[PDB]
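First the structure, in the form of structure tokens, and then the observations on it.
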Amino acid sequence: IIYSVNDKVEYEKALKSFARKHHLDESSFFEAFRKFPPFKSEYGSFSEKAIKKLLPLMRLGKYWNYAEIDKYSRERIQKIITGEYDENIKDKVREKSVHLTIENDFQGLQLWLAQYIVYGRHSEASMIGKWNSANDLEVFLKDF
RNA sequence: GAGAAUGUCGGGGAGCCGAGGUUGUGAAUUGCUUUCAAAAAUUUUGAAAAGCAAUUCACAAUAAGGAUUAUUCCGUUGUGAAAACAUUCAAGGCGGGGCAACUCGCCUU
């Protein structure tokens, strides 16, 4: 509500309607909720869906549970604990995931571990590439 | 070297608006010059028009031009022969926001 409707009259109308639907008295609700500095215009590197897929793995403790890991990452977790051979899992993974013997070991993984398990790439590894003729070059300029 | 996170300093692009200036029209006042045009002693005064103006106000335009009736625009950018582009660009659904137009998120190809 705060982030989306950035217009004054619309803002107090949304605030009053929110205070009506939610059983909270619209007496100090709108007075406290009128003076908000507007959110600083900045956006993160990733999107909502990607971070949604990422967070459950690096959760640990009571805030973590196995059911919140999606189908693909659960399958990859089973593959890692099993130790079987997958084309989408590299040898460096097993090198790093030697401690990931049990499903309980998937608690509090760092950014790189969770990112790889979710999407299978050890960060941005680039593509190197190699042009073969003037055709590639002129295409590159055409697409600039 | 790469990724992410937090601060600092810059640059670029797009957008919503404001005040002048200028050119022209009309008007109020006051001038310079010329001609008509009378009076008076080549010269001085008086009526009219034109040319150029000055101070103030209202208005028209503000790249020549071309659309359109959406409370929308394109016209000083780049590429290059196609006088053709780029700078808006799919479909749904599940939602938040308002008097609603409209605006803002989530999910699947």
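Chains: A, B, ... in order of the structure tokens. Residues: from 1 per chain. Ligands: from 1, in order shown.
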Could you work out which residues of chain B fall inside 12 Å of chain A? Count only C-alpha atoms (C1' of nucleotides), and format the result as a VMD selection string. chain B and resid 1 to 5 78 to 80 85 to 86 96 to 99 102 to 107
Extract, using only C-alpha atoms (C1' of nucleotides), all DNA, RNA and protein residues at most 12 Å from residue B:23, discarding same-chain residues fewer than 3 positions from it, and format them as an MDAnalysis selection string. chainID B and resid 60:62
Using only C-alpha atoms: which of A:2, A:69, A:55, A:93 has the shortest distance to residue A:109: A:55
I need the alpha helix (DSSP H) residues of chain A per DSSP on the backbone, written as JSON, numbers by chain. {"A": [8, 9, 10, 11, 12, 13, 14, 15, 16, 17, 18, 19, 20, 21, 29, 30, 31, 32, 48, 49, 50, 51, 52, 53, 54, 55, 56, 57, 58, 71, 72, 73, 74, 75, 76, 77, 78, 79, 80, 81, 82, 91, 92, 93, 94, 95, 96, 111, 112, 113, 114, 115, 116, 117, 118, 119, 134, 135, 136, 137, 138, 139, 140, 141, 142]}
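Each of A:35, A:119, A:95, A:60 was compared to residue A:76 using only C-alpha atoms, and A:119 turns out to be the nearest.
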Could you list, as a ChimeraX atom specification, every residue within 12 Å of residue B:59, counting only C-alpha atoms (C1' of nucleotides) and ignoring same-chain residues fewer than 4 positions away? /B:24-27
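Separating atom CA of residue A:64 from atom CA of residue A:22 is a distance of 29.3 Å.
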Long-range neighbours of residue A:108 as a tab-separated table (two decimals) with N, CA, C and O atoms, in the first residue's frame, 7 Å cut-off, only C-alpha atoms (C1' of nucleotides), 6 positions minimum in chain:
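Just written: result.tsv:
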```tsv
chain	number	residue	atom	x	y	z
A	57	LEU	N	16.36	-22.13	1.64
A	57	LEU	CA	17.55	-22.94	1.87
A	57	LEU	C	18.44	-22.32	2.94
A	57	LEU	O	18.98	-23.03	3.80
A	58	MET	N	18.63	-21.00	2.89
A	58	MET	CA	19.49	-20.35	3.88
A	58	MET	C	18.76	-20.04	5.18
A	58	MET	O	19.37	-19.50	6.10
A	59	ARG	N	17.48	-20.35	5.26
A	59	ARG	CA	16.82	-20.35	6.56
A	59	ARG	C	17.31	-21.53	7.39
A	59	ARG	O	17.57	-22.63	6.88
A	60	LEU	N	17.44	-21.30	8.70
A	60	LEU	CA	17.80	-22.34	9.65
A	60	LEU	C	16.92	-22.20	10.88
A	60	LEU	O	16.29	-21.16	11.11
```
